[PDB]
Structure formats: structure tokens, C-alpha cells
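Notes follow the structure.
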Amino acid sequence: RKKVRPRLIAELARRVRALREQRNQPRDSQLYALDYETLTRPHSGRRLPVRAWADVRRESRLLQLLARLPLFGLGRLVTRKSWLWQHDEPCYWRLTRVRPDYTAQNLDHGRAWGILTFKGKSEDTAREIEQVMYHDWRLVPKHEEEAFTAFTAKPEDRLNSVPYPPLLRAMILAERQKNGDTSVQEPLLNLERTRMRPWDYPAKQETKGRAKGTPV
Amino acid sequence: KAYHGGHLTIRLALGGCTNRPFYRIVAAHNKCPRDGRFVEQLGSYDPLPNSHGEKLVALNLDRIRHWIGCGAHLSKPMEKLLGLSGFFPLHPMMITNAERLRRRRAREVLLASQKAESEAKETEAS
Amino acid sequence: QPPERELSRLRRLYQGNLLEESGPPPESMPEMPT
Amino acid sequence: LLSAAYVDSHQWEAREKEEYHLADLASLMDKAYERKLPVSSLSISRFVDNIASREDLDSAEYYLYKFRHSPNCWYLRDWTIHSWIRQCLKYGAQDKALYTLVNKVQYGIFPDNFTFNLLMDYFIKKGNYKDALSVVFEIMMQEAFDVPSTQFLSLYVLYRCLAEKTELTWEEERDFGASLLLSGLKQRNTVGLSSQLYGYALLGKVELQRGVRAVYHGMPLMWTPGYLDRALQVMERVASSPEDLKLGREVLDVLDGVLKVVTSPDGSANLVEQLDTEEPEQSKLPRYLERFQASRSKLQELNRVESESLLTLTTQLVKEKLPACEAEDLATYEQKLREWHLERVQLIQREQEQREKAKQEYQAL
Ligand SMILES: [Mg+2]
């Protein structure tokens with residue numbers, strides 16, 4: 001070959017573009033700003049879905065609650081209106097770290113960390129909280145924490161094993177006879193190893209994407 | 001094409017001619033065209049009744065089990081085929097759709113009886 | 001049949017965009033009217 | 001109410017403080033914000049410490065604002081917040097202290113219970129019970145009724161203001177109700193139990209007239225409907241308690257008035273927040289009114305009602321118990337001053353070491 005030649009402009013372009021992105025990174029106060037009259041984000045002009053309109057006007061964001069508290073409410077419990085409506089069992093975050101967006105003129109945007117207790121079951125380690133910019137958060141009062149966090153677990157009744165599908169069960173029993181295994185045991189699937197979380201379970205915020213800084 | 005991202009999937013690739021559909025069950029990268037590059041062919045589906053009135057599905061269940069064990073997703077039509085065969089449980093919407101059809105025919109039967117009763121009133125009027 | 005409390009939980013979640021509640025479906029497929 | 005010793009500033013004024021010209025320190029902070037660089041907590045601390053005039057307070061207020069809207073807002077020190085309130089009181093700028101306290105979100109002034117008592121007591125002695133009430137409402141919003149001393153002062157201001165205010169707006173009922181309830185819960189005396197029943201009654205009024213979301217929205221209160229049920233439980237508890245506890249007659253009349261008023265009245269944020277199966281509170285009022293009369297009869301039968309007014313009972317409680325609290329709080333105050341002195345020295349030492357290393361870095365560079 002040897003007629004393939006360098007592309008200096010292409011190499012120059014890639015580096016130069018990436019540098020500008022780091023320099024002109026937007027802030028949470030801009031990416032997640034909202035126009036409450038039209039319920040549209042000014043940055044990208046993204047109009048919120050319809051099922052969220054009522055809560056956008058009727059509920060608060062997390063750091064709106066935390067900006068009013070000493071130490072940004074470290075140690076306090078916070079729940080979500082969506083959880084309160086969906087699950088009878090206590091679901092909340094125990095705040096451990098909180099990084100406000102200083103640029104915001106009210107310190108109403110930022111990130112938080114805490115320990116999750118979902119449907120009464122508590123995780124062992126703290127992780128970053130997702131959906132902090134949602135109008136869904138409700139701070140728990142200190143005097144109501146004990147009654148709020150009181151939970152008694154019920155014995156689990158969801159089946160641990162189920163039958164095999166009709167054809168797949170016949171293929172298993174047929175193989176038994178072929179190999180000489182004589183038995184009348186019913187093939188059973190074990191569901192304990194593969195149990196699904198609820199769909200609204202908090203997700204890993206650390207590995208989540210962030211919107212770009214090009215305005216629409 | 002040189003794809004970036006995506007996963008292997010088991011789906012139906014449409015073949016045949018106009019008004020004569022025929023499907024090839026295949027394992028293919030999800031971003032490839034419906035009838036384009038695939039990894040393995042896992043069977044076929046003929047949706048038209050044959051001389052005996054039988055719709056013919058062929059499933060290579062050994063290779064299908066291999067690709068599901070390696071992360072291959074399933075398209076919703078293919079999940080319906082595996083449920084009818086008995087290799088998978090019946091899909092939730094297969095049952096829900098069957099329930100909707102039952103509630104929809106019950107109304108039709110009731111309406112016909114009401115019409116017959118209304119027709120009976122016409123018979124009473126003579 | 002869903003529990004009564006769960007049917008109320010869904011009536012609150014989707015308040016204002018609801019359909020008439022459906023009961024248990026017919027036990028068999030109703031014979032096609034002809 | 002508090003003694004002169006509690007409000008004496010000899011100990012704070014005798015603190016060891018570094019002497020830095022405000023002009024020089026002002027320049028250092030101004031440069032950092034222009035370069036979008038973080039400012040040290042020790043820097044803002046030195047500014048507040050070296051305030052020497054009424055005019056200087058205005059400049060410090062601007063820099064406290066700038067610090068709040070900076071990367072190191074979380075590191076504002078407790079002694080810096082306490083010195084701010086002490087400086088404001090010293091130079092006559094009490095309005096400024098209350099202003100920053102009410103606008104905590106902007107300036108970051110979150111005082112401790114001792115500092116709250118210092119500001120609240122100034123207004124009480126001057127007779128400005130409107131400003132003192134503002135301090136009480138700010139304490140309630142932060143749920144900071146932990147120290148016993150603050151609870152007694154807050155209840156004295158609340159009951160004195162309530163007696164004057166014959167007419168209460170729905171916002172006033174909500175604010176007074178929350179302040180009474182949270183302060184009352186801490187106290188197990190007759191005055192404490194009366195304030196719980198008084199607080200639940202007022203909040204119950206707002207729940208059955210304007211909805212439950214008026215009570216809990218933006219308030220340190222629960223969102224579950226049934227505040228009048230909590231009030232009646234207080235009556236049922238005192239009546240059946242083995243120990244002899246008494247509820248002031250004044251509160252019982254308030255609950256009777258609330259039940260009568262509610263019983264016989266004359267953009268897209270419109271949601272039904274309660275399940276259809278659960279009974280609405282309005283339907284339960286007939287049963288609530290029967291419980292009240294039965295509880296009142298049992299209480300009067302057992303002689304568990306205190307004819308004395310709540311303002312007179314609270315005054316006696318403050319006189320008897322507040323003196324002891326002053327000694328305890330003042331002892332803790334001295335310990336805090338020494339703890340703050342040591343922590344401040346550590347920060348000053350750490351700053352000196354890094355600056356010395358900075359010279360070594362430039363020497364290497
Ligand atoms: Mg989602």
C-alpha cells in the first residue's frame with residue numbers, strides 16, 4: 001500500500017472539539033432549568049411528558065428541600081411521592097453526602113448520596129441518588145421518622161419453584177428414560193436465583209448518561 | 001456495514017413473494033437489515049395453511065438454546081411462537097388478547113340476543 | 001381478581017384517564033354468533 | 001426571660017482573634033471569585049471576626065452571600081455563624097440578623113440553639129413580639145427545638161402572641177399549629193400536653209377547610225390526613241393515663257370550637273391524594289364529635305382539667321425551670337468556645353503549612 005496518507009486536519013479536529021466540551025461544560029442549573037408556564041426546558045426545548053405535569057406544579061425537587069436545611073440535611077430521610085403512592089412499605093433515602101450547584105442563585109440543583117431502603121429492605125452501602133431533578137421528593141419530619149420507618153417483614157409467599165414449560169418438561173423426562181434414570185419426580189425450575197427487582201427500583205446514577213451542552 | 005453497539009437477537013426474516021409470506025427464524029445482530037446479514041438460521045415459519053391445513057414451524061431447539069444461553073434477545077413474534085410450541089410459557093399478551101376476544105364475543109352474542117328479543121317484539125306486533 | 005386496595009391504587013395513579021373496570025372473563029370462548 | 005448572664009458577651013469578646021484588615025481580606029476574596037476559584041472557610045471567618053462598624057456588617061453580608069454561592073459553601077463554620085449574630089447584636093443590626101436568618105437559603109446562616117435564644121431574647125426584652133415570633137417560626141422550619149431552653153422561650157412567645165391575636169389567618173393557623181406541636185411534643189408537663197392538643201386542633205382546621213396539602217406543603221409536618229384524630233388521641237390518652245396528667249381548659253374550648261366550625265360550615269394541581277376505599281375526614285366528623293364529648297366528660301369527672309390559662313401556666317413553668325436550663329446551656333457554651341478555639345487553630349496551622357509548601361513548590365519549579 002503506502003499511498004494511505006496522514007489526515008492532520010482530522011486529528012486536529014477531534015482533539016480541538018473534545019477540549020471545548022470540557023471547557024464549556026454546562027451546569028445542572030442550566031440543563032435542568034424549566035419554564036413552568038409551558039413546562040418546557042429552555043436549554044433543549046424539551047417539553048415534559050403529560051403524565052408529569054401535575055407533579056411538576058405540585059411537588060418539589062430534592063435540593064429545593066435540602067437547601068433550607070442545616071448541613072444540606074445530612075442524616076435526614078427523604079422519600080418520593082411516587083413511592084408513597086405505589087408502595088405501602090417504607091421507601092426512602094438516608095442522605096450521606098450532598099453537592100449543591102453553587103452557580104444556582106438558590107442552590108436548588110445538585111447531586112446527593114445516601115443509603116437506599118426500598119420497600120422496607122435496606123442496602124448496605126451508599127451510592128449516588130438518581131432523578132434528583134424530579135418534582136417528586138418529600139422530606140420526612142424528624143418527629144415522624146420512627147413511625148415512618150417502622151416496618152415488619154411478612155413471610156415471603158412468592159413461589160420459589162415452578163413447573164417447566166409443557167414441551168421442555170417432556171424433553172427432560174424423555175432424556176431421563178433414555179439415560180436409564182427411572183423416576184417419577186416432576187422437573188422444577190428454581191426461581192430464587194433469578195428474582196426481578198420492581199421496575200421503579202432506583203437505578204445506578206453513577207453509570208447514567210448526561211445530556212450534551214449544545215443548545216437547541 | 002461495520003456496526004458499533006447492539007446485541008444478538010432471534011427474529012423472523014420475511015421472505016417469499018407478494019401475498020405469499022414466508023419467514024426464516026435467524027439469529028442476527030439487531031442492527032442488521034431484516035433480510036440481510038445474519039449469524040445462524042434457526043428454523044423457518046410458514047404462516048399459510050398447507051394442503052392439510054397446518055401452519056408449519058421448524059425450530060432448531062439445540063441451536064436456539066445455545067443462543068439464548070449467550071445473551072440473544074427474542075422478538076415478540078418469536079416469543080409468541082415459542083409459547084405456542086410449548087418451549088416457553090405463553091406470553092402475557094397472548095393470554096390478555098385471548099381474554100379481550102372472549103369479552104368482545106360475549107357482547108356480540110348478547111347484542112344478537114337483544115336484537116332477537118327486539119325482533120321478538122316485532123313478531124309480537126305482527 | 002386483583003385485590004380491592006390495588007384497584008384503588010391504580011384509580012388514583014391514572015385519575016382522569018381511566019376505562020370501565022372489567023370483571024372476570026367468560027369461562028369458555030363464547031360460541032361465535034351466526 | 002433569660003438572665004443577663006445568659007446574654008452576656010464577655011466570653012465571646014475575649015476570644016483570641018487574628019487581626020486582618022477587612023479591605024485586604026476583601027480583595028483576596030474578590031480575586032478568587034473573579035477567577036472562579038474556591039475561597040477558604042478561614043478567610044470568611046477572619047472577615048466576620050474583624051467587623052468593627054455598622055457599615056462593615058453590610059459588606060460582610062455581601063461576602064456571606066458570595067460564600068454561600070461558592071464551591072465551599074458547606075464549610076461555613078459554626079463559630080463564624082455565631083460570631084455573625086454576635087456582631088449584629090453588638091452594633092444594633094438586629095434587623096439584619098433576622099433578615100439573614102429568614103433568608104437562610106441565600107446567606108447560609110443556620111445558628112445553633114444557643115444563638116437562637118440570644119436573638120429571640122433580645123426581641124422579647126424590647127417588647128417586639130412580632131420579630132421574636134419570626135425567630136420562633138424559623139426555629140420550627142429547621143426543626144430545632146432540641147435544647148430545653150429554646151422550648152420554654154418558644155412556648156412563651158407563641159402563647160403571648162396567640163392571646164393578642166383574636167383572628168388567625170389560615171397561614172397563621174398553620175405556622176402557629178406547627179410551632180406549638182413541635183415545641184409541645186418535647187415537653188411532658190401540663191403545658192407541653194396542652195400545646196400538642198392546641199397544635200393538632202389548629203392544623204386539623206386547615207386540613208378540613210383547605211385540604212391536607214395546605215398543612216404539610218413546605219412544612220415540617222406529616223402528609224397523612226387525620227390531624228383532628230391526633231388531637232382527640234391526646235384527650236383519650238390523658239383521660240386513661242394511670243399517672244395524673246391535666247389538659248388546660250383553654251385548649252379544650254379551642255378543639256370544641258374547631259369541631260363545630262368544620263361540622264357546620266357556611267395549573268393542573270387538582271389531584272385526589274387519598275385512596276377511594278379510605279373514608280374521607282369530612283365523613284368522620286360525626287364520630288369525632290362524639291369522642292370529644294365522651295373524653296371531656298371523663299376528664300372533668302376525673303378532675304384532670306386545669307382552669308388556669310395557658311399563658312399563666314407557661315409563665316410559671318418558665319420561671320421554675322428556665323433558671324436551671326440557663327446554667328446548663330452556659331456550661332455547654334463555654335465548652336463550645338474552647339472546641340471552636342482549638343478547631344480554628346488547626347485550620348490556621350494547616351494554612352501556614354501549605355503556604356510554606358507552596359514556596360517550596362515554586363522553588364522546585
Ligand atoms: Mg424510568
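Scheme for the C-alpha cells: letters A, B, ... for chains in order shown; per-chain residue numbers from 1; ligand numbers from 1 in order shown.
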
Dump the neighbourhood of ligand 1 as a short mmCIF file (atom, residue, chain, number, x, y, z; two decimals) with C-alpha atoms, in the first residue's frame: all residues within 9 Å, distances computed on only C-alpha atoms and all ligand atoms.
data_model
loop_
_atom_site.label_atom_id
_atom_site.label_comp_id
_atom_site.auth_asym_id
_atom_site.auth_seq_id
_atom_site.Cartn_x
_atom_site.Cartn_y
_atom_site.Cartn_z
CA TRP A 199 -39.47 -1.65 37.80
CA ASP A 200 -39.31 1.59 39.81
CA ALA A 203 -31.01 2.69 39.28
#

| field | For residue 291 of chain D: contacts at 10 Å, only C-alpha atoms, fewer than 3 positions along chain excluded, given as a PyMOL selection string | value | chain D and resi 229+232-233+235-236+285-288+294-297

| message | Could you work out which residues of chain B fall inside 12 Å of chain C? Count only C-alpha atoms, and format the result as a VMD selection string. | response | chain B and resid 95 to 113 116

| note | The residue from A:26, A:213, A:163, A:180 with the smallest atom-to-atom distance to chain B, counting only C-alpha atoms, is A:163

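Within 12 Å of residue 53 of chain A, once only C-alpha atoms are used and residues closer than 2 positions along the same chain are dropped, the contacting residues are residues 34, 35, 36, 37, 38, 39, 40, 47, 48, 49, 50, 51, 55, 56, 57, 58, 59, 134, 135 and 136 of chain A; 267, 268, 269, 270 and 271 of chain D.
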
| query | Contacts of residue 4 of chain C at 9 Å or less, counting only C-alpha atoms, minus same-chain residues fewer than 4 places along, as a ChimeraX atom specification? | reply | /C:8-9 /D:277

Would you export the selected residues with N, CA and C atoms as a PDB file, in the first residue's frame, please?
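File selection-v5.pdb, as written:
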ATOM      1  N   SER C   8     -57.857   0.431  43.688  1.00  0.00           N
ATOM      2  CA  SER C   8     -57.957   1.832  44.079  1.00  0.00           C
ATOM      3  C   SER C   8     -56.630   2.551  43.882  1.00  0.00           C
ATOM      4  N   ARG C   9     -55.521   1.839  44.081  1.00  0.00           N
ATOM      5  CA  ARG C   9     -54.210   2.439  43.872  1.00  0.00           C
ATOM      6  C   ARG C   9     -54.025   2.845  42.416  1.00  0.00           C
TER       7      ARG C   9
ATOM      8  N   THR D 277     -61.014   3.718  48.821  1.00  0.00           N
ATOM      9  CA  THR D 277     -61.510   2.857  49.889  1.00  0.00           C
ATOM     10  C   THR D 277     -61.468   3.551  51.242  1.00  0.00           C
TER      11      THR D 277
END

| What is the atom CA of residue 347 of chain D to atom CA of residue 96 of chain D distance in Å? | 28.4 Å

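Counting only C-alpha atoms, the residue from D:213, D:21, D:188, D:205 that sits nearest to chain A is D:213.
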
| To one decimal place, how far is atom CA of residue 68 of chain A from atom CA of residue 105 of chain D in Å? | 5.5 Å

| query | Which neighbours of residue 176 of chain D fall inside 8 Å, counting only C-alpha atoms, when residues of the same chain fewer than 2 positions from it are skipped, and could you give them as a list in words? | reply | residues 158, 172, 173, 174, 178, 179, 180, 199 and 202 of chain D

Next, the residues of the selection above should be written as a tab-separated table (two decimals), in the first residue's frame with C-alpha atoms.
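Okay, again-v4.tsv is ready:
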chain	number	residue	atom	x	y	z
D	158	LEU	CA	-46.29	31.70	70.99
D	172	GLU	CA	-51.09	31.86	60.70
D	173	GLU	CA	-53.04	28.85	61.98
D	174	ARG	CA	-50.64	26.57	60.10
D	178	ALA	CA	-46.68	23.57	63.74
D	179	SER	CA	-44.67	25.67	66.20
D	180	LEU	CA	-46.91	24.65	69.11
D	199	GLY	CA	-51.36	22.45	67.72
D	202	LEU	CA	-55.29	24.33	64.51

| task | Taking only C-alpha atoms into account, report as a list in words which residues of chain A lie within 6 Å of chain D. | result |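 Every residue of chain A that passes the 6 Å test is in residues 54, 58, 67, 68, 70, 102 and 141 of chain A.
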
Can you list every residue in segment 21-133 of chain A that DSSP puts in helix (DSSP H, G or I), as a compact mmCIF listing (two decimals) with N, CA and C atoms, in the first residue's frame?
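File written: selection-v3.txt
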# COMPACT_ATOMS: atom_id res chain seq x y z
N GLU A 21 -15.53 20.88 24.75
CA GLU A 21 -16.58 20.27 25.56
C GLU A 21 -16.23 20.35 27.04
N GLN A 22 -14.99 20.01 27.39
CA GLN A 22 -14.57 20.09 28.79
C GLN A 22 -14.60 21.53 29.29
N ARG A 23 -14.18 22.48 28.45
CA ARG A 23 -14.12 23.87 28.87
C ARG A 23 -15.52 24.44 29.09
N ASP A 28 -25.95 21.94 36.15
CA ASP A 28 -27.29 21.41 36.39
C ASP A 28 -28.33 22.52 36.40
N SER A 29 -27.94 23.73 36.79
CA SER A 29 -28.89 24.84 36.85
C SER A 29 -29.38 25.22 35.46
N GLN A 30 -28.59 24.91 34.42
CA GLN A 30 -28.94 25.22 33.04
C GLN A 30 -29.58 24.04 32.33
N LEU A 31 -28.98 22.85 32.45
CA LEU A 31 -29.51 21.68 31.75
C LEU A 31 -30.92 21.35 32.21
N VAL A 50 -46.83 14.33 29.48
CA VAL A 50 -48.10 14.83 30.01
C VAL A 50 -48.36 14.31 31.41
N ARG A 51 -48.01 13.05 31.68
CA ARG A 51 -48.29 12.46 32.98
C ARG A 51 -47.47 13.07 34.10
N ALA A 52 -46.51 13.94 33.79
CA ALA A 52 -45.67 14.58 34.79
C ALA A 52 -46.10 16.01 35.10
N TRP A 53 -47.08 16.55 34.38
CA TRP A 53 -47.43 17.96 34.54
C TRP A 53 -47.95 18.26 35.94
N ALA A 54 -48.84 17.41 36.45
CA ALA A 54 -49.43 17.66 37.76
C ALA A 54 -48.37 17.73 38.85
N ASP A 55 -47.41 16.81 38.83
CA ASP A 55 -46.38 16.79 39.87
C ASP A 55 -45.36 17.90 39.69
N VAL A 56 -45.14 18.36 38.45
CA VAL A 56 -44.18 19.43 38.23
C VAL A 56 -44.66 20.71 38.91
N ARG A 57 -45.97 20.89 39.03
CA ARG A 57 -46.54 22.05 39.68
C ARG A 57 -46.88 21.81 41.15
N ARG A 58 -46.96 20.55 41.57
CA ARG A 58 -47.48 20.18 42.87
C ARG A 58 -46.43 19.60 43.81
N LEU A 62 -35.45 17.65 45.02
CA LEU A 62 -34.76 17.22 46.23
C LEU A 62 -33.97 18.36 46.86
N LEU A 63 -33.14 19.04 46.06
CA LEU A 63 -32.28 20.07 46.63
C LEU A 63 -33.03 21.36 46.94
N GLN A 64 -34.27 21.50 46.48
CA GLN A 64 -35.11 22.57 46.99
C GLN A 64 -35.44 22.33 48.46
N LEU A 65 -35.68 21.06 48.82
CA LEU A 65 -35.90 20.72 50.22
C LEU A 65 -34.61 20.83 51.03
N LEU A 66 -33.49 20.40 50.46
CA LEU A 66 -32.25 20.31 51.22
C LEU A 66 -31.57 21.67 51.38
N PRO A 70 -30.00 22.76 57.65
CA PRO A 70 -28.59 22.88 58.04
C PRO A 70 -27.79 21.68 57.57
N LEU A 71 -26.59 21.94 57.06
CA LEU A 71 -25.72 20.90 56.51
C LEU A 71 -26.37 20.21 55.32
N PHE A 72 -27.27 20.91 54.63
CA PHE A 72 -27.98 20.35 53.48
C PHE A 72 -28.66 19.03 53.84
N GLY A 73 -29.16 18.96 55.07
CA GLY A 73 -29.91 17.79 55.51
C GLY A 73 -29.14 16.49 55.49
N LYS A 81 -42.91 11.04 46.25
CA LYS A 81 -44.36 10.95 46.19
C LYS A 81 -44.80 9.75 45.35
N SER A 82 -44.02 9.42 44.31
CA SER A 82 -44.34 8.24 43.51
C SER A 82 -44.25 6.96 44.33
N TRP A 83 -43.22 6.85 45.19
CA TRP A 83 -43.11 5.69 46.06
C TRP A 83 -44.26 5.63 47.06
N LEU A 84 -44.59 6.77 47.68
CA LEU A 84 -45.68 6.79 48.65
C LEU A 84 -46.97 6.28 48.04
N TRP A 85 -47.20 6.57 46.76
CA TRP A 85 -48.44 6.17 46.11
C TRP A 85 -48.42 4.71 45.66
N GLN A 86 -47.25 4.19 45.30
CA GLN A 86 -47.16 2.85 44.73
C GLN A 86 -46.97 1.76 45.78

Go through chain B residue by residue and, counting only C-alpha atoms, keep those with an atom at most 7 Å from chain A; for each kept residue give the shortest atom pair and its distance in Å to one decimal, ordered by chain and increasing number, as JSON lines.
{"residue": "B:86", "atom": "CA", "partner": "A:167", "partner_atom": "CA", "distance": 4.6}
{"residue": "B:87", "atom": "CA", "partner": "A:167", "partner_atom": "CA", "distance": 5.2}
{"residue": "B:88", "atom": "CA", "partner": "A:165", "partner_atom": "CA", "distance": 5.7}
{"residue": "B:89", "atom": "CA", "partner": "A:165", "partner_atom": "CA", "distance": 5.7}

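Counting only C-alpha atoms, the residue from D:88, D:302, D:272, D:133 that sits nearest to chain C is D:272.
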